[PDB]
Amino acid sequence: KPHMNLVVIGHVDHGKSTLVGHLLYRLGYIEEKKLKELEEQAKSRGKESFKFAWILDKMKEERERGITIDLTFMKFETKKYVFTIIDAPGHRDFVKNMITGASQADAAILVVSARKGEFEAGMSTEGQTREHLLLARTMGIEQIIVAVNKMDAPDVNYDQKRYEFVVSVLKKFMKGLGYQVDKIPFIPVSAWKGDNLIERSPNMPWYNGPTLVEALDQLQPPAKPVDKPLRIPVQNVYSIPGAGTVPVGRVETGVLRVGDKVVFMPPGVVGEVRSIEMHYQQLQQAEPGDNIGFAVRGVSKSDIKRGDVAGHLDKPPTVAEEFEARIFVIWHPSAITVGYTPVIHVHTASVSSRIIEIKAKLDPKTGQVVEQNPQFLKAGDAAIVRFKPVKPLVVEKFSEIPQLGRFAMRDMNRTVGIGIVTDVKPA
Amino acid sequence: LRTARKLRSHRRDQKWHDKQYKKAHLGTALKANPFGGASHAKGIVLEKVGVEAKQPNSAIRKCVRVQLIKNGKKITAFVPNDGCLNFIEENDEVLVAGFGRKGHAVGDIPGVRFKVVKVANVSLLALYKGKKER
RNA sequence: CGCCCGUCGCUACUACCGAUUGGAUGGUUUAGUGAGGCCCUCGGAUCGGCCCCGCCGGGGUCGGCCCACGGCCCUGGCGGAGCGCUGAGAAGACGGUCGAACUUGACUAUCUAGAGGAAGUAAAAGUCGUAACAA
RNA sequence: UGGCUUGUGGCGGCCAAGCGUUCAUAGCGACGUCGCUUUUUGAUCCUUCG
RNA sequence: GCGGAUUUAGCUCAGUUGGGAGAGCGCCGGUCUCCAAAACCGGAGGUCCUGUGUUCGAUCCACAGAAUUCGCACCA
RNA sequence: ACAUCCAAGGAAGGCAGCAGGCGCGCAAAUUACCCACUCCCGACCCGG
RNA sequence: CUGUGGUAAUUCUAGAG
RNA sequence: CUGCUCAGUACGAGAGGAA
RNA sequence: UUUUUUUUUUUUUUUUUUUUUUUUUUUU
Ligand SMILES: *C(=O)[C@@H](N)Cc1ccccc1
C-alpha cells in the first residue's frame with residue numbers, strides 16, 4: 001500500500017486542525033474515551049469548539065491561544081493509500097513552520113472557510129489562503145484538494161452560491177500560479193459537523209463530487225528516486241530515553257538502513273543509525289517518502305539542528321559557499337538591489353542570504369535576458385542572481401535534487417520572492 | 001636489638017619533615033587547587049585581559065580568566081601561541097592544563113599556574129598552522 | 001655618584017578576625033510518637049466424620065408360606081439439618097521482643113556567606129626620614 | 001480656648017512671553033496684578049489667676 | 001520555539017525622541033635620552049552592528065536579521 | 001527516597017547482570033551471531 | 001480440562017462442573 | 001468588587017485589549 | 001734609677017628603570 005505525505009494548509013482559524021482531527025475520528029483512529037476527555041477539558045477552559053483541533057494542538061501555548069504553532073504528524077490509512085498527515089499553522093508568525101511542512105509534502109489539502117469575511121480575509125493581499133497557496137507551489141506541491149469549509153455555519157448554511165463563489169475566486173487565483181485547476185476537487189465540507197468528510201452529506205444535495213476521503217484515493221503517488229544519493233533534511237531533533245538523539249525528517253532521495261554511517265551538514269558531524277521509526281513502527285530500511293525518526297550513535301543533540309541535512313559519507317549534502325538562482329519577485333515595497341538579504345526558506349532550513357550580484361533581469365514569461373546587471377529588481381521582475389548565505393547552508397541544484405533546490409525569500413514577515421537554484425559553489 | 005620500636009617510630013615521624021611527603025599525607029592536594037588534583041579541566045573564557053611581564057623582561061602576555069564546569073571557580077590562565085588572541089573568542093569551551101610540576105609558574109609569568117590548550121574541543125596546534133583548521 | 005631599612009598612596013591576590021546565636025552539608029545519636037511481619041491468650045466466615053430416632057433400597061445370618069417387616073455390621077437418600085460431641089481452620093484480637101519511619105534537640109566531621117578591622121605578597125617605581133654593612 | 005488681621009501657609013484668578021516638535025489655552029503657564037481662605041505659623045493684649 | 005537586554009572611536013562607556021554623536025584611556029607621533037619612565041607639545045579617529053518600512057531626510061522609530069546575554073516554554 | 005501510565009477507580013518498579021539512554025566529567029563499545037569449545041544446572045534426553 | 005465471568009491496565013483472576 | 005458568557009472580538013501595523 | 005699621654009666629632013641625609021660577552025687538536 002503506497003505511502004504519501006499530506007500537508008494541511010490555509011488561513012488562521014479556517015479549520016485545518018478540526019478537519020484533520022475530525023477526519024481521524026470518524027475514521028476511528030481516535031479513542032472515543034479520549035475524544036470525550038478532550039471535549040471536557042476543552043469546555044472547562046472555555047473552548048468547546050476546539051475538541052477535534054486539540055487532538056493535534058497539544059502545546060501549552062497552542063491550547064491557551066487556540067491556535068496551531070508547529071507541525072503535527074499523524075498516520076491514517078485509506079482504501080488505496082497510507083498517509084502521513086501534517087497539520088500546519090495559519091498564524092502569520094509561524095509561516096516558517098508551515099513552509100518546512102510543505103517541503104515535506106507530496107500533496108496538500110487547502111482548507112478555506114466559506115464564512116462571510118473569513119474567506120475574503122484569507123484571500124486578501126496579506127491573507128494566508130493566498131500566501132500558503134503560493135508557498136505550496138514553490139516548495140513543489142502539485143496535487144491539491146481544497147476543502148471549502150464551515151458550510152454548516154449559520155452565515156453559510158450549505159449555500160451552493162457561496163460555495164461556487166469561493167470556488168471561482170480560488171480558481172482564477174490558482175490558475176495564475178500555474179496550477180492545473182480543472183483537475184482539482186473543490187469539496188464542500190464541515191470539519192465540525194463531519195459533512196462530506198468520509199460519507200456523503202444530506203445537507204448538501206446539490207454536490208456531486210468526491211467526499212474528502214474519495215478525493216484522497218484519487219491522488220497519485222510520486223516518483224521514488226532511490227538511485228539518487230541519500231538526503232534527509234532534519235525537521236526536528238529529539239533526545240529520547242533509550243534511543244539517544246533522534247533527528248526526524250522525510251527521506252527525499254536515496255535509502256537509509258539501520259547500521260548506516262551518516263553525516264550531518266553543514267556541521268560535519270558523523271554518527272551511526274541504531275534504529276529507524278515511522279509512526280512508532282520500527283524499520284530496517286527507509287526509502288524516499290518515508291517520514292522518519294532515526295537514532296544516531298555518537299552525535300550530540302547540540303551538534304545538530306533543524307535545517308541540517310543528512311546524507312551518506314561518500315556523497316555528503318552540498319554546503320553552499322555561494323549559489324545561483326532564477327528568481328521571481330512576488331512583492332516588494334520599493335526595490336531589491338545587490339546586498340539585499342531576505343531569509344531563504346529551502347527544504348527544512350531558513351537562513352538569511354545576501355544577494356552579491358544580479359547577473360540579469362529576465363522577461364518573466366519567456367526567460368530571455370532583458371538587461372545585463374540591472375540597477376535593481378522590482379515586484380514583477382524575474383532574474384538570475386547570486387546568493388551568499390549568512391551562515392552555512394545546504395542546497396542542491398534544482399536539476400539534480402529538486403527538493404533541496406526550490407526556495408522562498410521572505411523579509412519583514414512577508415513572502416517577497418520565489419526561486420529555484422540553478423548552480424551551487426560548494427564550501 | 002630490643003630497641004627496634006623507637007627507631008621504627010622515629011623514622012616515620014621525622015619523615016614528616018619532607019614537604020612533598022607531607023603533601024601526600026594531608027588531604028591538601030585534593031583541596032589546594034580548582035582541579036582537585038586533576039590534570040585537565042574544561043572551562044569558559046570569562047574575559048580576556050592583557051598583562052605585564054615581571055622584572056627586566058617587558059611584554060604583554062595574553063591572559064584569560066576561566067569559569068570551570070563542575071567546580072564553578074575563577075581561574076587565572078595563560079594563553080600560549082603568538083596570535084591565539086585572534087582565535088580566542090569569549091565563551092568558547094577551553095581545556096586547561098598546568099606547567100612544569102605543580103607549584104610555581106614560569107619565571108617570566110606572574111600569577112598563572114594554568115595553560116590553555118583547547119578551543120571549542122579543538123587542539124591549539126591545528127588553528128596555529130594554516131594547513132589544519134579554520 | 002656604592003648597598004640598605006621601614007610607615008604613608010595606588011592596583012591585585014591569598015590567609016587571619018567578625019554583629020548575624022550566622023546559613024549549608026553528611027555520620028553517630030537522648031527523648032516523645034509508632035507501620036509491619038513474627039511468637040503468643042482468644043476468636044470462630046466455613047467444611048467433613050461419628051451421636052439418637054423414623055422410612056425405604058442392597059449383601060450375610062435369625063424369628064415369618066409368604067412379601068413388606070424388625071435386630072446386628074457396612075453404604076446410599078430425606079426430616080428434627082444442624083438439633084448433641086470431636087478435629088483441622090480466614091478476618092480480627094491480648095501482651096510482647098525486634099524495629100522501619102516522624103518529630104524535637106544533641107553532637108562530631110566537612111565547607112561556606114559578611115559592613116568593617118589587620119597583615120603580608122606580587123614590588124620595578126611616587127613620598128618621608130639613615131636603622132644595618134667600613135668604631 | 002476664643003478673638004480682630006493674614007505677613008507666613010494653603011488655594012483659585014485676570015494677561016498671555018513661553019513649554020508643549022507645527023501651534024500660546026487640548027494639558028500646562030514667566031513675569032506682573034486681583035483676591036478666597038482661618039486645621040499652620042505670626043503679630044495684638046480684648047475675655048479668663050477673686 | 002517564545003520574550004528581554006545589549007552592540008556607538010583602537011579600548012570602555014555616555015547621547016538621542018529623525019536634520020545625523022560626545023568623553024576617559026588610548027595609544028601613536030615629536031622634543032630630551034642608549035632606550036624608556038617623568039615632563040612638554042601634537043594626532044584627527046567611527047558605514048552610530050545590518051536590511052527594509054515610514055519619511056524630504058533614519059544613529060534614534062517600526063518591522064525584520066546577526067552576535068552576545070538573560071527569562072520562559074518544548075521534551076524521541 | 002526516587003518516580004512510570006493513569007477511563008479518576010487503581011497498577012506497578014530496584015539495569016551495581018548484556019546491550020542500549022541520560023548524567024558526570026580529563027577520562028573507557030554494539031540495541032549484533034551462537035551453543036561449536038569450556039563448563040555448569042534439570043531426569044536414564046540432550047532442554048536451557 | 002470443559003463451559004460461565006467481570007476490569008484503563010499487570011504472569012488479575014472468581015465462581016461452577 | 002469579582003467571575004461566566006460579551007470575547008480574544010470591535011478598534012490595532014502589532015503590543016494589546018473593551019463596554 | 002729609666003717614661004708618659006692629653007685629646008677628643010660643633011657641623012657629613014640621599015642618590016629613578018636596564019645593564020653584556022665566548023669556544024680546538026695536529027705539523028708545514
Ligand atoms: C519522536 O517521537 C518522533 N519520532 C516523533 C516526534 C515527537 C515529538 C517531536 C518530534 C517528533
# chains A, B, ... in the order shown; residues from 1 in each chain; ligands from 1
call {"tool": "residues_near_ligand", "arguments": {"ligand": "ligand 1", "cutoff": "7 Å", "atoms": "only C-alpha atoms (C1' of nucleotides) and all ligand atoms", "output": "PyMOL selection string"}}
result
(chain A and resi 236-238+248+277-279+292-293) or (chain E and resi 76)
call {"tool": "write_last_selection", "arguments": {"atoms": "C-alpha atoms (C1' of nucleotides)", "output": "PDB file, in the first residue's frame"}}
result
ATOM      1  CA  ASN A 236      13.487  18.467  14.381  1.00  0.00           C
ATOM      2  CA  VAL A 237      15.875  16.722  16.741  1.00  0.00           C
ATOM      3  CA  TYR A 238      14.647  14.832  19.780  1.00  0.00           C
ATOM      4  CA  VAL A 248      13.357  13.381  12.387  1.00  0.00           C
ATOM      5  CA  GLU A 277      10.980   4.510  13.220  1.00  0.00           C
ATOM      6  CA  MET A 278       7.986   5.577  11.172  1.00  0.00           C
ATOM      7  CA  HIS A 279       4.811   6.201  13.168  1.00  0.00           C
ATOM      8  CA  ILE A 292      11.028   9.035   9.975  1.00  0.00           C
ATOM      9  CA  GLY A 293      12.916   9.368  13.230  1.00  0.00           C
TER      10      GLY A 293
ATOM     11  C1'   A E  76      12.471  10.793  20.755  1.00  0.00           C
TER      12        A E  76
END
call {"tool": "interface_residues", "arguments": {"of": "chain A", "to": "chain E", "cutoff": "6 Å", "atoms": "only C-alpha atoms (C1' of nucleotides)", "output": "compact mmCIF listing (two decimals) with N, CA and C atoms, in the first residue's frame"}}
result
# COMPACT_ATOMS: atom_id res chain seq x y z
N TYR A 238 15.05 15.21 18.44
CA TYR A 238 14.65 14.83 19.78
C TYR A 238 15.78 14.11 20.51
N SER A 239 15.69 14.05 21.83
CA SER A 239 16.66 13.34 22.65
C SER A 239 15.87 12.37 23.49
N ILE A 240 16.00 11.09 23.21
CA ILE A 240 14.99 10.15 23.66
C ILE A 240 15.58 9.03 24.50
N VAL A 246 17.65 11.62 18.30
CA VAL A 246 16.99 11.19 17.09
C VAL A 246 16.51 12.38 16.26
N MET A 412 10.77 41.02 6.44
CA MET A 412 9.78 41.69 7.29
C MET A 412 8.45 40.90 7.42
call {"tool": "interface_residues", "arguments": {"of": "chain H", "to": "chain A", "cutoff": "10 Å", "atoms": "only C-alpha atoms (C1' of nucleotides)", "output": "PyMOL selection string"}}
result
chain H and resi 4-5+8
call {"tool": "interface_residues", "arguments": {"of": "chain B", "to": "chain F", "cutoff": "12 Å", "atoms": "only C-alpha atoms (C1' of nucleotides)", "output": "ChimeraX atom specification"}}
result
/B:35-43,68-71,95-97
call {"tool": "residues_around", "arguments": {"residues": "region 69-79 of chain C", "least_positions_apart": "2", "cutoff": "9 Å", "atoms": "only C-alpha atoms (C1' of nucleotides)", "output": "PyMOL selection string"}}
result
chain C and resi 55+57+62+67+81
call {"tool": "atom_distance", "arguments": {"atom1": "CA of residue 309 (chain A)", "atom2": "CA of residue 358 (chain A)"}}
result
28.0 Å
call {"tool": "atom_distance", "arguments": {"atom1": "CA of residue 380 (chain A)", "atom2": "CA of residue 415 (chain A)"}}
result
13.4 Å
call {"tool": "interface_residues", "arguments": {"of": "chain B", "to": "chain C", "cutoff": "10 Å", "atoms": "only C-alpha atoms (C1' of nucleotides)", "output": "ChimeraX atom specification"}}
result
/B:54-56,110-111
call {"tool": "select_by_dssp", "arguments": {"residues": "chain B", "states": "strand (DSSP E or B)", "output": "ChimeraX atom specification"}}
result
/B:40-52,60-68,76-78,93-98,114-119,123
call {"tool": "write_last_selection", "arguments": {"atoms": "C-alpha atoms", "output": "PDB file, in the first residue's frame"}}
result
ATOM      1  CA  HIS B  40      42.840  18.825  32.894  1.00  0.00           C
ATOM      2  CA  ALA B  41      39.668  20.932  33.349  1.00  0.00           C
ATOM      3  CA  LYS B  42      37.143  22.187  30.740  1.00  0.00           C
ATOM      4  CA  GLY B  43      36.409  25.911  31.012  1.00  0.00           C
ATOM      5  CA  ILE B  44      34.830  29.119  29.670  1.00  0.00           C
ATOM      6  CA  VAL B  45      36.684  32.364  28.781  1.00  0.00           C
ATOM      7  CA  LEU B  46      35.022  34.982  31.044  1.00  0.00           C
ATOM      8  CA  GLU B  47      37.268  37.777  29.882  1.00  0.00           C
ATOM      9  CA  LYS B  48      40.494  38.328  28.090  1.00  0.00           C
ATOM     10  CA  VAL B  49      42.918  40.632  29.839  1.00  0.00           C
ATOM     11  CA  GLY B  50      46.335  41.790  28.768  1.00  0.00           C
ATOM     12  CA  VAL B  51      49.026  41.595  31.449  1.00  0.00           C
ATOM     13  CA  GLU B  52      52.530  42.968  32.033  1.00  0.00           C
ATOM     14  CA  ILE B  60      52.248  41.915  27.018  1.00  0.00           C
ATOM     15  CA  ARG B  61      51.114  38.460  27.889  1.00  0.00           C
ATOM     16  CA  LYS B  62      47.816  37.031  26.834  1.00  0.00           C
ATOM     17  CA  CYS B  63      45.750  36.085  29.900  1.00  0.00           C
ATOM     18  CA  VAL B  64      42.263  34.548  30.298  1.00  0.00           C
ATOM     19  CA  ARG B  65      40.039  34.269  33.386  1.00  0.00           C
ATOM     20  CA  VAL B  66      38.116  30.994  33.226  1.00  0.00           C
ATOM     21  CA  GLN B  67      34.940  29.678  34.880  1.00  0.00           C
ATOM     22  CA  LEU B  68      35.306  25.873  35.474  1.00  0.00           C
ATOM     23  CA  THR B  76      43.871  32.664  36.067  1.00  0.00           C
ATOM     24  CA  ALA B  77      45.139  31.226  32.776  1.00  0.00           C
ATOM     25  CA  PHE B  78      47.963  31.740  30.313  1.00  0.00           C
ATOM     26  CA  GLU B  93      34.895  25.869  25.505  1.00  0.00           C
ATOM     27  CA  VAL B  94      38.560  25.687  26.581  1.00  0.00           C
ATOM     28  CA  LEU B  95      40.641  22.853  28.058  1.00  0.00           C
ATOM     29  CA  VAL B  96      43.338  23.929  30.532  1.00  0.00           C
ATOM     30  CA  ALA B  97      46.446  22.146  31.871  1.00  0.00           C
ATOM     31  CA  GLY B  98      49.472  23.051  34.069  1.00  0.00           C
ATOM     32  CA  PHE B 114      47.466  27.168  34.242  1.00  0.00           C
ATOM     33  CA  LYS B 115      47.790  26.812  30.433  1.00  0.00           C
ATOM     34  CA  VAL B 116      45.071  26.980  27.736  1.00  0.00           C
ATOM     35  CA  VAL B 117      45.343  24.207  25.090  1.00  0.00           C
ATOM     36  CA  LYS B 118      41.867  23.666  23.512  1.00  0.00           C
ATOM     37  CA  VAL B 119      39.392  25.921  21.731  1.00  0.00           C
ATOM     38  CA  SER B 123      43.673  21.487  19.907  1.00  0.00           C
TER      39      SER B 123
END
call {"tool": "select_by_dssp", "arguments": {"residues": "region 14-45 of chain B", "states": "alpha helix (DSSP H)", "output": "list in words"}}
result
residues 14, 15, 19, 20, 21, 22, 23, 24, 25, 28, 29, 30 and 31 of chain B
